[PDB]
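Student: Take the sequence shown: its letters are residues 1 to 48, 51, 54 to 160, numbered as in the UniProt record's numbering. Can you read through this structure? Questions will come right after.
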Amino acid sequence: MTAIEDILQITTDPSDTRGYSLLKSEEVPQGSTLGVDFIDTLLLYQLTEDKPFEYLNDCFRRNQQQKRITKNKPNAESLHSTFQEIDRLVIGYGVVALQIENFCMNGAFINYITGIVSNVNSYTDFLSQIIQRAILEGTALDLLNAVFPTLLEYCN
Numbered sequence: 001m002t003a004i005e006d007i008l009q010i011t012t013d014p015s016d017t018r019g020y021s022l023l024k025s026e027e028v029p030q031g032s033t034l035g036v037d038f039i040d041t042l043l044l045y046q047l048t051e054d055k056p057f058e059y060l061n062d063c064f065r066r067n068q069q070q071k072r073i074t075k076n077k078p079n080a081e082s083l084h085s086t087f088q089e090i091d092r093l094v095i096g097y098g099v100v101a102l103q104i105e106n107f108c109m110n111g112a113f114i115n116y117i118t119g120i121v122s123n124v125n126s127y128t129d130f131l132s133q134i135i136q137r138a139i140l141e142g143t144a145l146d147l148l149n150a151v152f153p154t155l156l157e158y159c160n
């Protein structure tokens, strides 16, 4: 549970000892209990609080680092489903954020790709899983038409 709270930098209460993003404001996301069927709801608030793509890539980076952290822990099998569902949903929502222009209301494709070019050494892996998820779905032809002209206009 608390693994998700630091991974997604979100807590219910939440204001104590850290600047984790406040949890607002729907009635259901108020109980002091998280689980398998909650990751979707939390991401729907975080994406729609300026760089949602950078935030999702950082969350994926922390999720990956926590794999190394937790594999050497006695309870790596209990949270295995948690990590699998995080890798599913965070990746799905990262693709969605770069699937249509009007999904994330703060931060545009030009803003994402600008930082991507600035620090591509950190996005070069997450974008791989992005394309891997997109390909088998088949809805990637439009995104090949959406992402490239963005960098084109940036460079122009």
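C-beta atoms are modelled at their ideal positions from N, C-alpha and C, and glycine is treated no differently.
#1: Apart from the five residues on each side of it in sequence, which residues of its chain come closer than 6 Å, Cβ to Cβ, to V100?
#2: Might you give, ordered along the chain, the residues of its own chain that have their beta carbon closer than 6 Å to the beta carbon of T154, omitting 5 neighbours on each side?
#3: Since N67 contacts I7 with CB under 8 Å, what's their CB separation in whole angstroms?
#4: Assuming the contact rule is C-beta atoms closer than 8 Å, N110 and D40 should be a hit. Round their C-beta distance to whole Å, please.
#5: Name the one or two DSSP bridge partners that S122 has.
#6: How close, in whole Å, do the beta carbons of residue 49 and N61 come, if the pair is a contact with beta carbons under 8 Å?
#7: Since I10 and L44 should fall inside the 8 Å C-beta cutoff, what is the C-beta to C-beta distance between them, to a whole number of angstroms?
#8: Could you tell me the distance, in whole angstroms, from the CA atom of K75 to the CA atom of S82?
#9: Would you call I95 buried or exposed, if buried means 16 or more other Cβ atoms sit within 10 Å of its Cβ?
#10: For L22, which three-state DSSP category applies?
#11: Judging by CA-CA distance, which residue of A80, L34, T143, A150 is the nearest neighbour of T2?
#12: Between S25 and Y127, what straight-line distance do the alpha-carbon atoms span, to the nearest angstrom?
#13: What is the rounded straight-line gap between the Cα of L93 and the Cα of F38?
#14: Look at the Cβ atom of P29, then the Cβ atom of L22, and state whether they are nearer than 8 Å.
#15: Identify the continuous alpha helix (DSSP H) that holds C108 and give its terminal residues.
#16: CB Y97 to CB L148, shorter than 8 Å?
Tutor: To lay it out plainly:
#1: In the sequence shown, the residue the question calls residue 100 occupies position 96. By the criterion of a C-beta distance shorter than 6 Å, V100 is surrounded in its chain by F107, once the five residues flanking it on both sides are discounted.
#2: Counting from 1 along the sequence shown, the entry for residue 154 is found at position 150. Cβ-Cβ distances below 6 Å link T154 to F113, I114, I117 in the same chain, with the five nearest sequence neighbours on each side left out; the list follows chain order.
#3: The residue labelled residue 67 in the question sits at position 63 within the sequence shown. The residue labelled residue 7 in the question sits at position 7 within the sequence shown. Beta-carbon to beta-carbon, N67 and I7 are separated by about 6 Å, close enough to satisfy the 8 Å threshold.
#4: The sequence position of residue 110 within the sequence shown is 106, counting from 1. The sequence position of residue 40 within the sequence shown is 40, counting from 1. Wrong, their Cβ atoms sit about 20 Å apart, outside the cutoff.
#5: Taking the sequence shown and counting its residues from 1, one reaches residue 122 at position 118. Answer is none; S122 lacks a bridge partner.
#6: Coordinates for residue 49 are absent, as the chain skips straight from 48 to 51.
#7: Here the question's residue 10 lines up with position 10 in the sequence shown. Here the question's residue 44 lines up with position 44 in the sequence shown. Rounded, the Cβ-Cβ distance is 12 Å, inconsistent with contact.
#8: In the sequence shown, counting from the first residue as 1, residue 75 sits at position 71. In the sequence shown, counting from the first residue as 1, residue 82 sits at position 78. C-alpha separation (whole angstroms): 11 Å.
#9: Indexing the sequence shown from 1 puts residue 95 at position 91. Burial state of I95 is buried, judged by a 10 Å Cβ sphere holding 16 or more other Cβ atoms.
#10: Residue 22 sits at position 22 when you count from the first residue of the sequence shown. Strand, per DSSP.
#11: As a working note, residue 2 is residue 2 in the sequence shown. Taking the Cα of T2 as reference, the smallest distance to any Cα among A80, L34, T143, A150 is reached at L34.
#12: As a position in the sequence shown, residue 25 is number 25, starting the count at 1. As a position in the sequence shown, residue 127 is number 123, starting the count at 1. Each residue's Cα considered, the two are about 31 Å apart.
#13: One-based indexing of the sequence shown puts residue 93 at position 89. One-based indexing of the sequence shown puts residue 38 at position 38. If you take the alpha carbons of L93 and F38, they lie about 10 Å apart.
#14: One-based indexing of the sequence shown puts residue 29 at position 29. One-based indexing of the sequence shown puts residue 22 at position 22. The answer is no: Cβ separation not under 8 Å.
#15: Mapped onto the sequence shown, residue 108 falls at position 104. Where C108 is concerned, there is no enclosing alpha helix (DSSP H), because DSSP gives it neither an H nor an E.
#16: Looking up residue 97 in the sequence shown gives position 93. Looking up residue 148 in the sequence shown gives position 144. Taking 8 Å as the cut-off, the beta carbon of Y97 is found no closer than this to the beta carbon of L148.
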